[PDB]
Number of protein chains: 4
Amino acid sequence: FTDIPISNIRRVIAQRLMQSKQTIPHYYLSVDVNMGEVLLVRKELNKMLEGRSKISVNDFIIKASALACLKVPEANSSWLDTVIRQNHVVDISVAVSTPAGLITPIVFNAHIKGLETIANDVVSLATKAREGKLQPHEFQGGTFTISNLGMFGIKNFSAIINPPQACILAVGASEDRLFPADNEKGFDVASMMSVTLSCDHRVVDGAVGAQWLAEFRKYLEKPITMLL
Amino acid sequence: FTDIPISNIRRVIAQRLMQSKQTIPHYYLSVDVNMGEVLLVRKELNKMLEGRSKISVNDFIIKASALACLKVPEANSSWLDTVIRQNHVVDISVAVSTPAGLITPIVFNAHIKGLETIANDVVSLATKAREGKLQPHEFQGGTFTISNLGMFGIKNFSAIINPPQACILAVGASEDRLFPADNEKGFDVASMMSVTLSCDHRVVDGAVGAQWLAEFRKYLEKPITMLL
Amino acid sequence: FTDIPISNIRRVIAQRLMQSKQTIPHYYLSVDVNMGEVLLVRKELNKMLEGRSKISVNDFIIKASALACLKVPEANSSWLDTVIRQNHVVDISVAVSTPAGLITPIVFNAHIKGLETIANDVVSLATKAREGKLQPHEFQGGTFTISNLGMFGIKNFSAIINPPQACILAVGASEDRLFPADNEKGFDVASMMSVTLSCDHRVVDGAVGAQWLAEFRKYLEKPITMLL
Amino acid sequence: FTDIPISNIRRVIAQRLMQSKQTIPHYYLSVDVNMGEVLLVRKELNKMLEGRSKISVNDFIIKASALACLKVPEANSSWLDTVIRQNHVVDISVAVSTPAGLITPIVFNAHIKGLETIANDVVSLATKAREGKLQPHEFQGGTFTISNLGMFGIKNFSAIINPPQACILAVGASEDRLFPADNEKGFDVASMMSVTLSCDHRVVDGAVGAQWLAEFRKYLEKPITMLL
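Chemist: Would you mind going over the overall build of chain A with me for this structure?
Modeler: The number of helices and strands found in chain A is six helices and 12 strands. By the compact-globule yardstick of 17 Å for 228 residues, chain A fits well, its C-alpha radius of gyration being 18 Å. Dimensions of chain A, computed from C-alpha atoms along their principal axes, come out at roughly 60 × 45 × 40 Å. Residues classed as buried in chain A amount to 48% of the 228 residues present. For chain A, restricting intrachain contacts to residue pairs at least 6 apart in sequence, the fraction spanning at least 24 positions comes to 62%. Surface accessibility of chain A: about 11500 Å² in total, with carbon and sulfur atoms responsible for 55%. Positive and negative side-chain charges in chain A, numbering 23 and 22 respectively, have mean positions lying 5 Å apart.

Okay, structure coming up:
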């Protein structure tokens, strides 16, 4: 065997994860979201952009998460052992994997930023994270975390809540699945994505988490409804 | 009601599980593996064995897990609060259910043992576990654990990491599922098995766990690649 | 005529060949191996490798020889005039032709090394031999030797046992041959490769040599059996 | 490794092999024998025997070797450094593999013994050799040796001359091969068996060895000619 010394950064991350799993009673809720309309809308938006920017699926996911957080503010809360702080702004931390570990750059005001602005912010913060130039205020804080591992082929997974937040959305890969249809063949093909929200049961109960996931699924399945 | 006294063995097992769940920040990643090629290869190998031995699906799973651990040594590490011990050998603990409880006989050097050797070792250790003659060195230790409940009809499940290891692979049942295909019928039938890897987030982050699962899936979906 | 002085290296090689042919009672056994499945598996493995490495037929031959040596340890012995040293590990010397003569770089632990590892080791040692950078421990020793001359079109040949080993496998070229089959045409085409094992009759008798060749032929004719 | 002590019997056998390969200038000649008529005659003879005895292909081979030795007495000689002893009787040593090694029970007067008598003698001597009950005169001596390894699948092999004899016939496996014919299909299927005669070049030169092999091939290709 080989003993690799633990860095101070890794020790801090491990201590944060220990604190989260010891003080936050996690419980996980998983749903499936149909992504055909999102893919069509994304293709049309990318065609219209004419190479000025590129809209990714994670941008749609971040926007839908911010809007669902607005609709269900309980998922946008924090437990402080005396009061439940209900944040009125949605600062979406985005999990990014770098050679030094996992870091969470924050897209601030994702509930009011547009898809192009969100995409540009995500690209800029990802480049900063990969280059190791992130400032502490750019990754400390936030009210809701999104960790997307679909690019690695994960069907679904359950993540750890980043304190002091109340939820974290774990995003898996999009795969084509067969579904019943009232057609001659008897079936259709739909590109579905499995998302698992890990909730702090002190703040978000089962009904509230389910309502949040339903709102998120509705927003993704009808992208034009993000205009409302 | 009836009060059943707790044996000392059960107390030790419960204390170990408590220690794992309070000191290891578990997080779970699940994927689906196509098992048709493994079934075909296993049938051919069993036919050429002519009754000298019999290879089970768990032997293929153990071999694939050992090779994936070689490819991604982070899943073959341990957290010792000062250094991360990265084991260079793969000793696969295998969960076996006996009337006295759950025990974990260890197949040593599964990364270099062949399928016949793995199958014979598993059969011998399972018989020893069921008849209660396991020596402490034959079930204490290991670097990676595999718990298979597919024989009981479980679709998938999330296990508890056996300390001080960093991961545990939970294997469910293999079932036939319809999938889209470019044929006249529009679909095909493939036997998939869902596997859920529970990882210690202090050692294995999401990207590393996903990479491990991807290598494991590749090894199982093309068995000839285990020759590499 | 022209008198070319004999180098000391050539004198040493010639003296070793004298010692082998004078003290080792060679006897040779030849078989034919069908290589269609080996070629198919090699093509699939190379396509999976995506250019990271390239697997040659000699890698399959080395792996099969190592596994056959495991199954029949008599071919993995050495005569020491008082005891028969039966080596438990398989170090395969590989005959490499360089402008300075014939050299035998050793692939250690070929019985546990995979095909990709064996291929990489063979490529590295061949490059070192061609550049004249081999260290003495990298070509002195070994338990079993493989000399392949199929690249030069040799149908079959009988090699000289490298002392103090007990056997040497001489591999010829692979050619398409017609064989009877139960089809409409009455025949089929198979790529067959002829190998001649030269054995020390003190250690390996005819039945043992034939058993070794049968095991080697089975391993090559069904590559999936190399996983056992 | 493991050092296996050399038994005195093995030392004697090894010393005999040293003496043979050091004092006898071996040279090897190979031919192919069509065995369709031998198989047909053997089937008819076995059906006539009605279970009283069973005739093997090795019995035909022994009879043909004895008759060929009668026709060409040079292969039935011995070099004694002063005279060439030309034996007028044909005592065929037969190579038998036993757990203790290789032994050579002698069928005396095979040139006058019939196929049934030869088969019974071979069976009895093989049983005695396997049970370790052979007397020294039953395996010491002989004028010509036959070593058959076709049962192990060897295509062909070259054996070591047992001193002080002048030749040894190494018999390989019989396989179906396609050969041109003047029929509609353009080919036929024949079961051909390849034999390699190793000759002492002091006694038997190339032309004499070739004549012996031609006589042997004729005798086997037409069994009715064994009556002459």
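Chemist: Hey, could you run me through the interface of chain A and chain B in this one?
Modeler: Quite often, the size of an interface is put as the accessible area lost when its parts meet. Of the residues lining the interface, 30 residues belong to chain A; the matching set on chain B comes to 36 residues. Carbon and sulfur atoms make up 65% of the surface buried where chain A meets chain B, a total of about 2900 Å² over both sides. Connecting chain A to chain B are two salt bridges. The salt bridge partner of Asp32 of chain B is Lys155 of chain A, with a shortest N-O separation of 4.0 Å. Put simply, chain A and chain B have 12 residue pairs in polar contact between them. Among the elements that make up the side of chain A that touches chain B, the one with the highest residue count is helix α1 (residues 8-23) of chain A (seven residues).

Chemist: Quick question: what am I supposed to make of the side chain of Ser65 of chain D here?
Modeler: Residues and elements named next belong to chain D. Here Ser65 shows up in helix α3 (residues 57-71). In this structure the side chain of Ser65 is engaged in a polar contact, spanning 2.7 Å, whose partner is the backbone oxygen of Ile61. With near-sequence residues (within four places) excluded, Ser65 lies in contact with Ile92, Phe144, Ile146, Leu169, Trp212 and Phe216.

Chemist: Looking at this structure, how should I read the relation of the copies chain A and chain B?
Modeler: One copy of the chain maps onto the other through a rotation about an axis followed by a shift along the same axis. For the match of chain A to chain B, the screw axis carries a shift of 0.0 Å, the RMSD comes to 0.1 Å, and the turn is 120°. Here the symmetry operator amounts to a three-fold rotation axis. Residue by residue, only 17% of the interface of chain A is reproduced at the interface of chain B, so the copies engage with different surfaces.

Chemist: How should the sheet that holds strand β10 (residues 187-200) of chain B be read in this particular structure?
Modeler: For sheets, the rule is that strands pair by backbone hydrogen bonds, running either parallel or antiparallel. Across the sheet, seven strands lie side by side as β10(A)-β1(B)-β10(B)-β9(B)-β8(B)-β4(B)-β7(B); this open sheet has mixed pairing. Unpaired on one side and paired on the other, β10 (156-158) of chain A together with β7 (106-107) of chain B mark the two borders of the sheet. Where strand β8 (residues 144-148) of chain B lies against strand β9 (residues 167-180) of chain B, four bridges are found, and the strand directions are parallel. Of the residues in β9 of chain B, the one forming a bridge with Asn148 of chain B is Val171 of chain B. Where helix α3 (residues 57-71) of chain B meets the sheet, its contacts fall on β4 (92-94), β8, β9 and β10 of chain B, and the angle it forms with β8 of chain B comes to roughly 155°. Its contacts with the sheet place helix α5 (residues 206-221) of chain B against β1 (26-34), β8, β9 and β10 of chain B, and it is angled at close to 25° to β1 of chain B.

Chemist: Sorry if this is basic, but what is going on with a nonpolar patch on the surface here?
Modeler: A cluster of nonpolar side chains, namely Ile9, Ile13, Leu17 and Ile160 of chain B, defines an oily patch on the protein surface of about 330 Å² accessible area. Locating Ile9 of chain B in the fold gives a position in helix α1 (residues 8-23).

Chemist: Explanation requested: the packing of aromatic side chains in the structure shown.
Modeler: Centre-to-centre distance and the angle between the planes together describe a pair of aromatic rings. Tallied over the entire structure, the rule returns 12 aromatic pairs over all chains. Taking 5.4 Å as the distance between ring centres and 10° as the angle between the ring planes, the aromatic pair formed by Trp212 of chain A and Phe216 of chain A counts as stacked. In this pair, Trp212 of chain A and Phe216 of chain A both sit in helix α6 (residues 206-221), four residues apart, roughly one turn of the helix. Using a relative accessible area of 0% as the deciding quantity, one classes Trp212 of chain A as buried. Taking the relative accessible area as the measure of exposure, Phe216 of chain A reaches 0% and is therefore buried. An aromatic cluster is defined as three or more aromatic residues linked by ring pairs; in this entry it consists of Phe144, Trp212 and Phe216 of chain A. Note that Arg85 of chain B overlies the ring of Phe1 of chain A, its terminal NZ or CZ placed 4.2 Å from the centroid.

Chemist: Explanation requested: the sheet that holds strand β2 (residues 26-34) of chain A in the structure shown.
Modeler: All names here are of chain A. Reading across from one edge, β2-β12-β11-β9-β5-β8 is the order of the six strands in this open sheet, with mixed pairing throughout. Two strands bound the open sheet, and with one partner strand each, they are β2 and β8 (106-107). Pairing geometry for strand β5 (residues 92-94) and strand β9 (residues 144-148), over three bridges, is parallel. What sits directly across from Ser93, in β9, is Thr145. The strands that α6 touches are β2, β9, β11 (167-180) and β12 (187-200); relative to β2, the one it contacts most, it runs at about 25°.

Chemist: Can you walk me through the interface of chain C and chain D in this structure?
Modeler: Each partner contributes residues to the interface: chain C has 36 residues there, and chain D has 31 residues. Carbon and sulfur atoms make up 65% of the surface buried where chain C meets chain D, a total of about 2900 Å² over both sides. For the pair chain C and chain D, the number of links is two salt bridges. Residue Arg85 of chain C pairs with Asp3 of chain D through a salt bridge whose shortest N-O separation is 3.0 Å. At the level of secondary structure, the elements contributing two or more residues to the side of chain C that touches chain D comprise α1 (8-23), β1 (26-34), β3 (83-86), β9 (167-180) and α6 (206-221) of chain C. The dominant element in the side of chain C that touches chain D, judged by the number of residues it contributes, is β1 of chain C, at seven residues. Pairing between β3 of chain C and strand β1 (residues 2-5) of chain D: four bridges, direction antiparallel. The partner of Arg85 of chain C across the bridge, within β1 of chain D, is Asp3 of chain D.

Chemist: Would you take a moment to explain the relation of the copies chain C and chain D for this structure?
Modeler: Of the transformation placing chain C onto chain D, the axial shift is 0.0 Å and the rotation is 120°, giving an RMSD of 0.0 Å. The overlap is low: 14% of the interface residues of chain C also sit at the interface in chain D, so different surfaces are used on the two sides.

Chemist: What am I meant to see in the nonpolar core here?
Modeler: In globular proteins that are soluble, nonpolar side chains generally tend to be buried together. Of all hydrophobic cores here, the largest spans 139 residues; its most connected members are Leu169 and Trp212 of chain B together with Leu169, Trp212 and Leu220 of chain C. With sequence-adjacent residues up to four places away left out, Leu220 of chain C is seen in contact with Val33, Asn34, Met35, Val38, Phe60, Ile61, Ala64, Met193 and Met226 of chain C.

Chemist: Any chance you could explain the arrangement of the chains here in plain terms?
Modeler: Nothing in chain A touches chain D; the tightest C-alpha to C-alpha distance between them is still 26 Å. Separated without contact, chain B and chain D have their nearest C-alpha atoms at a distance of 18 Å.

Chemist: I tried to follow the environment of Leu178 of chain D on my own but got confused; where do I start?
Modeler: Structurally, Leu178 of chain D is set in strand β11 (residues 167-180). Here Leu178 of chain D falls in the buried class, since its relative accessible area comes to 19%. Once the C-alpha coordinates of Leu178 of chain D and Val195 of chain D are considered, the two residues, 17 residues apart in sequence, prove to be 18 Å apart. Residue contacts for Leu178 of chain D: discarding those within four places in its chain leaves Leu178, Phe179, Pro180, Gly186 and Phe187 of chain C together with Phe187, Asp188 and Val189 of chain D.

Chemist: Any chance you could explain unusual backbone geometry here in plain terms?
Modeler: Trans peptide bonds make up most of the peptide bonds, and negative phi angles are found at most residues other than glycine. Going from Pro163 of chain C to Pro164 of chain C, the amide bond is cis rather than trans, its omega being 0°. Not every positive phi belongs to a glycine, and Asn109 of chain B is a case in point at roughly 55°.

Chemist: Is there a simple way to think about α1 of chain A in this case?
Modeler: Count 3.6 residues to each turn of an α-helix, and residues three or four apart come out pointing the same way. The terminal C-alpha atoms of α1 of chain A, which comprises 16 residues, lie 22 Å apart, in line with the 22 Å expected from a rise of 1.5 Å per residue. Every buried residue of α1 of chain A is accounted for by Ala14, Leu17 and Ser20 of chain A. Each buried residue of α1 of chain A sits inside an arc of 120° when the element is viewed along its axis, so together they form one side. Residues of α1 of chain A that are exposed and point over 90 degrees away from its buried face: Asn8, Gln15 and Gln22 of chain A. Tucked inside the fold, the buried residues of α1 of chain A contact β2 of chain A together with β2 (77-79) of chain B.

Chemist: Is there a simple way to explain the pattern of salt bridges in this structure?
Modeler: A side chain of one charge can pair with a side chain of the opposite charge if their charged atoms are brought near each other. Overall, the coordinates contain 41 salt bridges over all chains when judged by the stated rule. Here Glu116 of chain A and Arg52 of chain A are joined by a salt bridge, their closest N and O atoms 2.9 Å apart. With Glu116 of chain A in helix α4 (residues 115-131) and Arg52 of chain A in the loop between α2 (36-49) and α3 (57-71), this pair connects stretches of sequence that are 64 residues apart. Owing to a relative accessible area of 28%, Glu116 of chain A belongs among the partly exposed residues under this scheme. Among the charged side chains, a network of salt bridges with common partners joins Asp32, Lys155, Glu175 and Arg177 of chain C together with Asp32, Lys155, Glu175 and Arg177 of chain D.

Chemist: I keep staring at the state of the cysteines and nothing clicks. Help me out?
Modeler: Simply put, the disulfide is a covalent bond whose two ends are the sulfur atoms of two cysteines. Residues and elements named next belong to chain B. Under the counting rule described, the total for this entry stands at zero disulfides over all chains. Left without a disulfide partner, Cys69 is nearest to the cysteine sulfur of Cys167, which lies 7.4 Å away. Free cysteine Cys199: the closest other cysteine sulfur is in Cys167, separated by 3.6 Å. Residue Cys199 is classed as buried on the basis of its relative accessible area of 0%.

Criteria and thresholds
- Residues numbered from 1 in each chain as written, not as in the entry; some residues may be left out.
- Chains lettered and ligands numbered in written order.
- Part of a larger assembly, values for the part shown.
- Heavy atoms only, no water.
- Helix = DSSP H or I, 4+ residues; strand = E, 2+ residues; numbered from the N terminus.
- Rg over C-alpha atoms; globule rule 2.2 N^0.38 Å.
- Buried < 20%, exposed > 50% of the residue type's maximum accessible area, 1.4 Å probe, protein only.
- Contact = heavy atoms within 4.5 Å.
- Areas by Shrake-Rupley, 256 points an atom, 1.4 Å probe, with all protein chains shown as cover.
- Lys, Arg positive; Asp, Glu negative; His and termini not counted.
- Charge placed at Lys NZ, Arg CZ, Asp CG, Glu CD.
- Buried area = accessible area lost by both parts, 1.4 Å probe.
- Salt bridge = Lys/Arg side-chain N within 4 Å of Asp/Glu carboxyl O.
- Polar contact = N/O pair within 3.5 Å; in protein donor to acceptor, adjacent residues only side chain to side chain.
- Least-squares fit on C-alpha atoms.
- Pairing = 2+ DSSP bridges.
- Axes fitted to C-alpha atoms, helices over the stretch in contact; angles between N-to-C directions.
- Patch = residues over 30% accessible without salt bridge, like charges linked within 9 Å, V, L, I, M, F, W, Y side chains within 5 Å.
- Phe/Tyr/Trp six-rings, centres within 6.5 Å; stacked < 30°, edge-to-face > 60°.
- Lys NZ or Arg CZ within 6 Å of the ring centre and 35° of its normal.
- Core = buried A, V, L, I, M, F, W, Y, C linked by side-chain atoms within 4.5 Å.
- Expected span 1.5 Å × (residues − 1).
- Arc of directions from axis to C-beta.
- Disulfide = S-S within 2.5 Å.

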